[PDB]
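In our numbering, the protein residues as written are 1 to 1104.
Beta carbons: idealized from backbone N, C-alpha and C, even for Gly.
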Ligand SMILES: COc1cccc2[nH]ccc12
Ligand SMILES: COc1cccc2[nH]ccc12
């Protein structure tokens, strides 16, 4: 009945866990990072983190642990998903082919059980005898480790202690032994059990239970020679081991709860600890010797090292380097120094990694140009709180601009053999060449002895033996550097025109119609080595040297007229190594051999905007795994450039693009420029690390931004942003924020709300103090901060005009929060006017509850207050006055409107459709969803389709059912397990303003950004069929079924997804092998071809 398409615009960025070990090989040190559904694998080096392989799971990663059974040469990886998919994984590399293989898998869900409270815990014994899982209170699930247990069959042990806080397997025990903290009415306790595989039961543990701190929260199992356990609490750190017990209560940890630990030394001599304010501690275990040669713990000490991002996890990586994995802020690499600095920190940040999460609110604004949407998010929490401004495509920063029409090519040149930077830019035109010299930022015409100015240049550059080369339509000219003289000139035997040229430092290949000539550059000599006659006219050439080649190519890449071939030829023989026919009647225009992330590719652009690319074996010349993207509608010219120590390809067309690599796949990102015809890198004194760009009229020089799909600007607030709205008439944002103060109350640090240009107050981890920030849309400076009342929490924000009043106001809805109130019984609506650098209060209305949500509605103000939805009019006396009320809610948390229709999202009874009835001045309840759902966000897709997100990470779509009692039942016609928690939906697009209609973005807790759009039945059916066929050919990590992953799942209900296409799966079509493609298309509704589908999937990827 309803047809929706959901796709990832930004993958989750928050770090949910991190481990180290030897996964990729015995000798490698790896960091593995879990970002919800993604697993990232790195090799740790001296340079830092080298990415080797990233994969998606069809599940939320809940457990991730490396372990090494006997009879394994390197670590295996245990993953458990939130839907109880268990797997054992092995890394396997053969060639440039990397696979994660599933060694064992099965689902370990029980029929009876509600999830525990400190969540899923999975632990592995040091001796690899078993995996232990705490999934439900009162049960401990054991998976015997045994290479024959490939289905990961398990048994449950009754656990007497119902409320386990944390649990680990101990080192140095004769039988597998767990150590855990649990809570009963008599307080918190630490206890141990042995786990008997024979008996499938617990046995008495090696040491008796002890009482621990009331807030003991984490168990650390200390390796030999210490053995035993460390128990971290809020006020205390204790060690336990047999008839051995040691406790410290260091005041330095008491300010903030410690929430993560990491072992620095293999023998447990030192641990890192991180708290909720980003403090980083070293915990140091002092050894005591014994006559029998055992080692016992003499003492524990804690030292403050400094401050990091608020850490979800810490991993020491050797050589003083720590990876700080953050959920609430940016992740980091930090370095620990033996000696402190001028402020006393031992911690020095080396590198910062972008985390958008949590995205708690966002909005779309055409900040810079019309039709070019940017997303502005409220991101992070506490000291990590920020605005993030997200926009598609790569920017150029223009530093020079010269009027100079009709450029046909650009080449940079080093005219001085003693200087490393370019000093010369050579320009081609129809029938002509011009040379520009660069003196600082000055750019002047000039002649260059040796070069001719009265032929068109096809190539010029530095070549071997301190020489320059110019290849024109007439000849190849070889020029000495000092002085500039012609030292050798090559012409075709009858002086026919050169039609195509390619050149590296020591080799030249020129075409003359169908003929090819191969020259070598020697001292004062162009040496003709070989020639051939191609079957057809030559369209394009390349001899870019790849690999450990010494600047020499054994290969010549060629594109031909007529058969539209790309071929790899051997030099010097010109023997055909490999031929690919590209199809059509439109010739190749640009061909390039290139290397990305150490793999070799052949790129070939046609004049219609198509780019084909292939893997290239530089040994055999074999092309493989053809793929095709469309880069425009005009001839593309390809050119290599370096930025930030990486080689990329710039593609000039009507739509300039950078081609680059990410996770060993080619990626394409728009450059934010009008049409570019030609470019070259340029690295001169006055224009370091730059690009020269030409169109029909202009020559530009500038620098390029980071090569990435999305550009992110960060605005640190140093406090928690909560909501955002844009006020066009003021050219600013309003942002609700809260900061923590300690009980007067005292701030922990300066932040946006205490550092505004001007400030105002309302007149009447200890306390939240709430503020409305006014933020400039261009500088993101905090222009003004208005502070609310003590214990007043700001929940809702809108910028709008009301009634016949021409002013635009910021309107804020609040709650008065008191400790023993089940919910708030009091709050305000406050109308503010931003004028002359400050907020003035124009009006207030006290209400008897929390103002959760507000929306402008037809010149009126719609607000949700506890269990009520209310519409206010703005009177001539500038007051809000109730028009009508709706009462039939539990807790009305979310509103959206369209026309006279109102979608209401409830705490627990899903969604409800109201209509305002303009001839009766009241609401009519049209229909509601009688299926209970715990809502997190709502959106109206159109008059008949309503989108919900709920707390168990599902989407659904409701429609009207086409009695009166029947018409009042909304039908859930779409269901989809997204696997993210949606905080906000908002209509809009990051793509400059079709198989899809409409555009709704959403932001999530993990910093994932997604898009929802609508499909026709026809499109839905085709794509559903594609999914089903894709799911047969794709091998999933852990052998999870896609249909299982995407099934709607709450504690009440599991059902197959319906009415939803998984765009991430569809887009993965462009990454499968061609045998697989063919397989996917066999008999698919005329009979579709691979290439039809490749086209269809491209149209789809363009919507984000
Ligand atoms: C369930 O345990 C296994 C599965 C797969 C491979 C393994 N190697 C040693 C134990 C093991
Ligand atoms: C090491 O790489 C990361 C870790 C955490 C977040 C990240 N964002 C971009 C890269 C990245």
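| Item | Value |
| --- | --- |
| Extent of the continuous alpha helix (DSSP H) to which residue 1063 belongs | 1063-1067 |
| Check: residue 40 C-beta below 8 Å from any heavy atom of ligand 2 | yes |
| Inter-residue Cα distance where the pair is residue 1137 and residue 229 | An answer regarding residue 1137 cannot be provided, because it is not within the stretch 1 to 1104 covered by the chain. |
| Nearest-angstrom beta carbon gap, residue 587 and residue 607 [assumed within contact, 8 Å] | 6 Å |
| Residue environment, residue 1092, which counts as buried when at least 16 other CB atoms sit within 10 Å | exposed |
| Sequence-distant residues of the same chain with beta carbon closer than 6 Å to residue 672, five excluded per side | 393, 395 |
| Selection from 117, 921, 956, 598 that minimises the alpha carbon distance to residue 938 | 956 |
| heavy atom of ligand 1 below 8 Å from residue 144 C-beta | yes |
| Three or more C-beta pairs below 8 Å linking the stretch 125-139 and the stretch 102-115 | yes |
| Ligand 2 heavy atom lying under 8 Å from the CB of residue 61 | no |
| Pairwise C-alpha distance: residue 612 and residue 1070 | 12 Å |
| beta-carbon residue 104 near ligand 1 non-hydrogen atom, thresh 8 Å | yes |
| Ligand 2 heavy atom lying under 8 Å from the CB of residue 1141 | The question about residue 1141 has no answer, for the chain in this structure spans 1 to 1104. |
| Nonlocal neighbours in the same chain, by C-beta distance under 8 Å from residue 235, ignoring five residues either side | 213, 215, 249, 253, 254 |
| Identity of the residue in 810, 351, 817 nearest residue 793 by Cα | 817 |
| Terminal residues of the alpha helix (DSSP H) in which residue 1114 lies | Absent from the structure is residue 1114, since the part of the chain shown begins at 1 and ends at 1104. |
| N- and C-terminal bounds of the beta strand (DSSP E) containing residue 1104 | Premise fails: residue 1104 is in no beta strand (DSSP E) and is neither H nor E. |
| Which listed residue (885, 501, 515, 484) has its alpha carbon closest to that of residue 494 | 515 |
| Identified DSSP bridge partners for residue 1021 | Answer by DSSP bridge pairing: none, since residue 1021 is not bridged. |
| Whole-angstrom distance between residue 408 and residue 1165, CA atom to CA atom | With the chain represented from 1 up to 1104, any question about residue 1165 goes unanswered, as that position is not in the structure. |
| Beta-carbon contacts of residue 663 that lie in its chain and below 6 Å, excluding the five residues immediately before and after | 54 |
| C-alpha gap between residue 640 and residue 589, whole angstroms | 16 Å |
| From 1044, 804, 954, 722, residue whose alpha carbon lies closest to that of residue 363 | 722 |
| Check whether residue 1001 and residue 985 have beta carbons under 9 Å apart | yes |
| Pick from 270, 927, 219 that is closest to residue 121, judged by C-alpha positions | 219 |
| In DSSP terms, what residue 759 is bridged to | 785 |
| Residue from 618, 633, 679 with nearest C-alpha to residue 642 | 679 |
| Own chain residues within Cβ distance below 6 Å of residue 528, not counting five before or after | 519 |
| For residue 1045, the three-state DSSP class (helix, strand or coil) | helix |
| Residue 592 and residue 539 closer than 9 Å at C-beta | no |
| Endpoints, beta strand (DSSP E) assigned at residue 148 | Note, residue 148: premise wrong, no beta strand (DSSP E); not H, not E. |
| 7 Å Cβ shell around residue 154 - same chain, five flanking residues per side excluded | 108, 141, 142, 143 |
| With 16 other Cβ atoms within 10 Å as the buried cut-off, status of residue 101 | exposed |
| Range of the contiguous alpha helix (DSSP H) that encloses residue 965 | 964-967 |
| 3 or more residues per run - each beta strand (DSSP E) lying fully within the stretch 27-73 | 30-35, 38-44, 49-56, 61-67 |
| beta-carbon residue 77 near ligand 1 non-hydrogen atom, thresh 8 Å | no |
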